[PDB]
J.: 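One structure follows; several queries about it will come next.
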Amino acid sequence: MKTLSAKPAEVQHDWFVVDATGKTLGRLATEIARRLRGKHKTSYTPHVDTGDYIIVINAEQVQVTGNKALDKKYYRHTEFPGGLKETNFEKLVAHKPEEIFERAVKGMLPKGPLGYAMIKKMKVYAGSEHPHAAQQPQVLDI
Amino acid sequence: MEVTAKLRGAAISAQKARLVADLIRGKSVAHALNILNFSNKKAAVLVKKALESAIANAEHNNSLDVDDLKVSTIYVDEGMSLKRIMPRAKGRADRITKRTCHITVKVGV
Amino acid sequence: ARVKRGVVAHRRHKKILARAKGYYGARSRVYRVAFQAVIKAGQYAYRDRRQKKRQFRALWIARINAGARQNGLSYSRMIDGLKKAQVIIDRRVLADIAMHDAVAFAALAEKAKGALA
Amino acid sequence: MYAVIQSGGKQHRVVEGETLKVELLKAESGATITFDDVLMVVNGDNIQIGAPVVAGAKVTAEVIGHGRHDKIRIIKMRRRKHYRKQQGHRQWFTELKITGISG
Amino acid sequence: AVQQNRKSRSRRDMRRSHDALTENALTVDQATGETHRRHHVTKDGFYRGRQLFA
RNA sequence: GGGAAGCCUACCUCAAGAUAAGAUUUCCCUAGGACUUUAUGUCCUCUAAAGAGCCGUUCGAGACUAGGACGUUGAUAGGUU
RNA sequence: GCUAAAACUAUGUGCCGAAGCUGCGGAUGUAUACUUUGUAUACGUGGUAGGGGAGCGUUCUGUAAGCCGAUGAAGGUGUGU
RNA sequence: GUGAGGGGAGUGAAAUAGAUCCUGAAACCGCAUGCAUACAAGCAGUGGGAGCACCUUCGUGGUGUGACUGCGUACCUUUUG
Ligand SMILES: NCCC[C@H](N)CC(=O)NCCC[C@H](N)CC(=O)NCCC[C@H](N)CC(=O)N[C@@H]1[C@H](O)[C@@H](OC(N)=O)[C@@H](CO)O[C@H]1NC1=N[C@@H]2C(=O)NC[C@@H](O)[C@H]2N1
């Protein structure tokens, strides 16, 4: 037993703030998912949450390329017959910008209790302000 | 030091008797006696008999005081069953099981 | 010479049930279910003795990648640089040093990129 | 201070006084083994990484004894094919106590 | 209609998790001092002072 | 820029187990010892609030429930006029 | 999720990747030489229907008018090896 | 309840040999203690692995439990399957 696992009581979560103005959605989401899972730390352990807290500001300024702003579709199903609801990126980014980031990062995190715990460390805000000044987040330019 | 009484071969199912036993498990003897006295269950009579026997044993054989006793342990076990035949329609017969149970009551200071 | 089976049969069933301790429901009580459960456990253990080596190598590689990227290199480039530098330390020790000694890992990465240059 | 040594086709990171189990060796119990092919020596800020090996470094250990690990059951079964076989295993090891490390 | 699989003891007990009994509302009768069922005549025929059987 | 009984709203009902468990108004609880596992710590003594329920009289509420009203400072039900 | 790609075409340098190969430890089959040996070397050891070889335990007879046993047999239930 | 049943006393080497009474297994059914468990989807294990409780040669130890995680669709028969 020479290879050691990280202990949850000894994990340090650090707070970072990221500005989404002008970034490509997927290429930002991959880095966010990596840092939420803790793939950047030498104490990375698959069954332990070793990641950091990420605060995304200016969420509605995120961009997609090509014609995806009008063509990319978001679906959901109310489990009633015929209950398929559909929207697109252009409307969703104006209405609920945090849901776009939630979908993009949830699709890249593991699907299970540990993934549910991991995604709780991401805070998304439409404006340029966040309520987490008490945690003193550091600017992270990813 | 707990004092024990056993009522063996009571003509009732253990599943039914356990409902009454769980009601008085862990209570003082006076409270348990009130509960059994005002219950309308058939198993209450049998459990009250066992409890009174245990209290009498504690009083007479071990010289303990009534006021300090409580129901420290109680459980109900399955006894021997009686087998009978019930005739059904069209010449079919079913087997009937008439269940009994054993009640153990322990009282302790 | 009539032979009664009871003692030996009971011993065999009891050994199987003893090996099935801790399983849920009938898997730890009922002989048929318990016997099916023990064989499958052995099959899984045989397969996982092979899977364990791959899983631990993947863990070492991930930790080495994190350390290399902290020192300005990718995992593949750092491995190539160590190979060209003739260092033959294996991934288990490399990951151990990456986790527990940052200065030594920085020295190793410096050696690797010096060999790359 | 710690060092990296090779034993039994595998590599170990050891400090002085450490007890460790390696593959079975032919040395007698109570004898001393000298590793003269040390791959790395770290003593505080002093770091030495061998090209293949660190020239001049030595690690001395003492053989405590030999033993066998816990038993493992091997089970093979091909369902519906009337085939099944089993076997047990216990792997030998040699226990060492590190007594000296010199860069 | 009948089950395709026998129900486990755990599921049977989970169904029975609502089978517990409750206590009745008992009270000390101030006129006589004995425990009685609340709002009921005592076993000796007393209720809030009046006495039924001479 | 215009553009349909179609889409999102708009109308009605449900909705914070929305575990992201939200908001507002008002109300209640302000005691001592010992000890070590020195901490929302474990045991003694004291204290039992705002409220909730059991029970009872019942309902245009109801399978059982749940929900609504009332319990002598009372019209909750029956009776009586 | 992806648009000077995370697509396609061409070229290059690295890396990941299997129970394949190598390293370390152990078992077993066949053959050559050690001209008993139980020893080294070389080559083998996925398997249904089948064929061949070697064993473990159970009841009873002799060995046994022996040996163990109320200072505790068989059986039952745990633990260690 | 002059019932059934039990607790003492006494007999006995032994009463958990107390009358359907030697031994007293399993299915099946209780009580007690320790840990886990009410935001999470599947043959229920397996390879890892934190925490907790008891013990302790105080440990690179023992016993019980198992948060979280990679992989993973029972057995037999009959079949091309
Ligand atoms: N601390 C607690 C204190 C609590 C308090 N004190 C309360 C208390 O204590 N209550 C006690 C209640 C106990 C119980 N209720 C009483 C009870 O059961 N009475 C039973 C009364 C009648 C009894 N049925 C008769 C009986 O035994 N017939 C048998 C029978 O014909 C048969 O037997 C079997 N197997 O087929 C035969 C074969 O041998 O033998 C007979 N018999 C023989 N005997 C003889 C012997 O020994 N040698 C020689 C030969 O004569 C033998 N034959």
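Side chains are part of it too, since the values below use all heavy atoms of this structure and drop only hydrogens, waters and symmetry mates. Lettering follows sequence order; numbering is per chain, from 1.
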J.: Are more than 12 heavy atoms from other residues, nucleotides or ligands located less than 6.0 Å from atom NZ of C/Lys4?
T.: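 Counting neighbours around NZ of C/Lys4, 12 or fewer heavy atoms of other residues, nucleotides or ligands fall under 6.0 Å, so no.
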J.: Is the D/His66-D/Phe93 ring centre distance short of 6.0 angstrom?
T.: no
J.: Between the protein and nucleotides 16-23 of chain G, which nitrogen or oxygen pairs are less than 3.5 angstrom apart?
T.:
unit_1: G/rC16; atom_1: OP1; unit_2: C/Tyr75; atom_2: OH; d: 2.9
unit_1: G/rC16; atom_1: OP1; unit_2: C/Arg91; atom_2: NH2; d: 2.8
unit_1: G/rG17; atom_1: OP1; unit_2: C/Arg57; atom_2: NE; d: 3.4
unit_1: G/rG17; atom_1: OP2; unit_2: C/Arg57; atom_2: NE; d: 3.1
unit_1: G/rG17; atom_1: OP2; unit_2: C/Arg57; atom_2: NH2; d: 2.9
unit_1: G/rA18; atom_1: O3'; unit_2: C/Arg54; atom_2: NH2; d: 3.1
unit_1: G/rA19; atom_1: OP1; unit_2: C/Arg54; atom_2: NE; d: 3.4
unit_1: G/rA19; atom_1: OP1; unit_2: C/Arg54; atom_2: NH2; d: 3.3
unit_1: G/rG23; atom_1: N2; unit_2: D/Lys10; atom_2: NZ; d: 3.4

J.: Is any N or O donor-acceptor pair between the side chain of B/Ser53 and the base of H/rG5 shorter than 3.5 Å?
T.: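 Under the 3.5 Å cut-off, the side chain and the base do form a donor-acceptor pair.
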J.: So, does the side chain of C/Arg77 form a donor-acceptor pair with the base of G/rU13 at under 3.5 Å?
T.: yes
J.: Do B/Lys6 side-chain and H/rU16 base share a donor-acceptor contact under 3.5 Å?
T.: no
J.: Is C/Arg2 touching bases, backbone alone, or none of the nucleic acid, heavy atoms closer than 4.0 Å?
T.: sugar-phosphate
J.: Check each residue of residues 89-98 of chain D for a non-hydrogen atom within less than 4.0 Å of any atom in RNA chain G, then write out the ones that pass by number, or none.
T.: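 Within residues 89-98 of chain D, the residues near RNA chain G are D/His89, D/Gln91.
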J.: When you measure only distances, ignoring hydrogens and angles, does the side chain of C/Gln55 come within 3.5 Å of the base of H/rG48 through a donor and an acceptor?
T.: no
J.: Scan for side chain to side chain donor-acceptor pair (under 3.5 Å) pairs involving residues 48-57 of chain C, sequence neighbours excluded, and state none if there are none.
T.: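 Listed once each, the pairs are C/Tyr46-C/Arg50.
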J.: Distance check: side-chain N/O of C/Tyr23 vs OP1/OP2 of H/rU46, anything under 4.0 Å?
T.: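 Answer is yes, contact under 4.0 Å.
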J.: Does the cation-pi check pass for C/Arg63 over A/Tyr44, that is, NZ or CZ under 6.0 Å from the six-membered ring centre and within 45° of its axis?
T.: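 No, C/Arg63 does not lie over the aromatic ring of A/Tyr44.
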J.: Please compare C/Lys21 and C/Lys84 by the position of their nearest nucleotide in RNA chain G and report the one closer to 5'.
T.: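 Mapping each residue to its closest nucleotide by heavy atoms, the 5'-most match is C/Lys84.
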J.: Which dot-bracket string fits RNA chain H when only Watson-Crick or G-U wobble pairs with both atom distances under 3.5 Å count, crossing pairs get [ ], and | stands for a partner on a different strand?
T.: ............................................((((..((((.......))))..))))..........
J.: Taking atom types as modelled, is there a side-chain donor on A/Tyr125 or A/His132 under 3.5 Å from an acceptor on the other?
T.: yes
J.: For residues 26-41 of chain C, tabulate all N or O donor-acceptor pairs below 3.5 Å that involve a side-chain atom, not counting sequence neighbours.
T.:
unit_1: C/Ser28; atom_1: OG; unit_2: C/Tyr23; atom_2: O; d: 2.9
unit_1: C/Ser28; atom_1: OG; unit_2: C/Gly25; atom_2: O; d: 3.4
unit_1: C/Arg29; atom_1: NH1; unit_2: C/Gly25; atom_2: O; d: 2.8

J.: Does any donor atom in the side chain of E/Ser10 or E/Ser8 lie under 3.5 Å from an acceptor atom in the other side chain?
T.: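 Looking only at side-chain atoms, E/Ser8 and E/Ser10 do not form any donor-acceptor pair under 3.5 Å.
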J.: Pick the nucleotide of RNA chain G nearest each of A/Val64 and C/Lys4; which residue has the one closer to the 5' end?
T.: A/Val64
J.: Examine F/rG71 and F/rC55 and say if both key distances are under 3.5 Å for a Watson-Crick or a G-U wobble pair.
T.: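 Between F/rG71 and F/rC55, a qualifying pair exists.
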J.: Establish whether G/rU45 and G/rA10 are paired, applying the Watson-Crick or G-U wobble definition with both distances under 3.5 Å.
T.: no
J.: Considering only heavy atoms and no angle criterion, is a donor-acceptor pair shorter than 3.5 Å present between the side chain of B/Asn57 and the base of H/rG6?
T.: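 Side chain to base: pair found, below 3.5 Å.
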J.: Would you indicate what B/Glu78 reaches in the nucleic acid, counting non-hydrogen atoms under 4.0 angstrom: base, sugar-phosphate, or nothing?
T.: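 The residue B/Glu78 makes sugar-phosphate contact but no base contact.
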J.: With A/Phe80, which residues qualify under side-chain contact (heavy atoms from CB on, under 4.5 Å), at least two apart?
T.: A/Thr78
J.: Would G/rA19 and G/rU35 pass as a Watson-Crick or G-U wobble pair if both distances have to be under 3.5 angstrom?
T.: no
J.: Could you check whether any side-chain N or O of B/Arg8 sits under 3.5 Å from a backbone N or O of B/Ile103, counting only pairs where one atom can act as donor and the other as acceptor?
T.: no
J.: Just curious, G/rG76 north or south if you read off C1'-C2'-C3'-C4'?
T.: north
J.: Once you apply a heavy-atom cut-off of 4.0 Å, does A/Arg27 come out as touching a base, just sugar-phosphate, or nothing?
T.: base
J.: Contact class for A/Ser5 (heavy atom, under 4.0 Å): base, sugar-phosphate, or nothing?
T.: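 The answer is sugar-phosphate, as A/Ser5 gets under 4.0 Å only of primed atoms, P, OP1 or OP2.
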